[PDB]
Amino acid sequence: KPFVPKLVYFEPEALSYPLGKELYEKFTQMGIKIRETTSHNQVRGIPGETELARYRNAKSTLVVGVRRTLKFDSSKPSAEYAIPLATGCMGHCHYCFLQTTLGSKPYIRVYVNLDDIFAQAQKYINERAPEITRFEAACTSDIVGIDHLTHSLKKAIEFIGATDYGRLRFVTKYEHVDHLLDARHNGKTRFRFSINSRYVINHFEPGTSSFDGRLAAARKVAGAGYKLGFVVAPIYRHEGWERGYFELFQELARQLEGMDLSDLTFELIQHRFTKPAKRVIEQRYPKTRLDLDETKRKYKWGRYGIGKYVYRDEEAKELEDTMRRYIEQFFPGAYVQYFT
């Protein structure tokens, strides 16, 4: 059940780096179909005659390449920067915001030039020291879910752990965290898990680990001394959401009881979608229950790209207030970092 690609592309230059060489050896030994591509942003010949087929096959394709854009993007409100270790995901979350993100690809990409990437992270750390600089590693990917294949996140964790002013964070929907339990994190990595109501997970989150898997993973991670956090997102106003989310937090407190939760964090993100979401999501997930009715929403305009639909102010406040009551009830002295 850990992700293993059924098709793999390599950039030729990728073989010049340890990880690229190691992955080429791994997959050729596994007898998996391997191909060459000039650029990891330009992958041709993924199988499928329909768009739906090409999309689903892309989600089973791994692309191994070199990160050439060594400017890191901002990753607010989570962190100062997105550290680029991977992009894309094997999951099929109906609502996934990566589906309509500019220039995102459906296939999973891993970058092999870690020396370059971490060196650049250090330069960013230096530029702001002694202020703390936080890096998000799961900004455009499920970095944790992919990591059993590469150990890139484990290396980033140990890199950041050796710094004085750097911090690392990431959020996952996957339970496959065993290889990370002995990482020398040094208290500088926040290990988060995406949680939601039974309704949302059951209807919209196929291809991911279950709620119990995520919580089992959370207990391991915490027991290994990682700082622990949860991302309650997408907060979705389905029929019976009030009770649904009440039961989430009740079940969450029960599955974590005994443990010290004095440094536990929460992040709250309401369901958002873009103007092209309807056409894209319907083509890929035609049986979905996902409500993309724009008329009931408030549009937030884009800045340099296009904007997004969020719930109307009064609906969003209602969601925020309710979630904050639940977190106060079941997790007193846990910090809500933001609602957006």
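All residue numbers refer to positions in the sequence shown, first residue = 1.
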- On mean C-alpha B-factor from the PDB entry, just flag whether 128-136 or 256-264 is the higher one. 256-264
- Average Cα temperature factor in the PDB entry - higher stretch of 288-296, 59-67: 288-296
- Per the deposited B-factor column, the C-alpha that peaks among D116, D142, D73, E242 belongs to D73
- Note on the structure: Listed options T208, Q270, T150, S104: highest C-alpha B factor recorded at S104
- Task: Can you work out whether the C-alpha temperature factor of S197 puts it in the lowest, middle or highest third of the chain?
- Result: lowest
- Could you say whether, by C-alpha temperature factor, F3 belongs to the lowest, middle or highest third of its chain? middle
- Note on the structure: Binned into thirds over the chain's modelled residues, the C-alpha B-factor of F10 lands in the lowest
- Tertile call for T100 (CA temperature factor, within chain, third-based) is the highest
- Message: Lowest, middle or highest third: which one holds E158 when the chain's residues are ordered by CA B-factor from the entry?
- Response: lowest
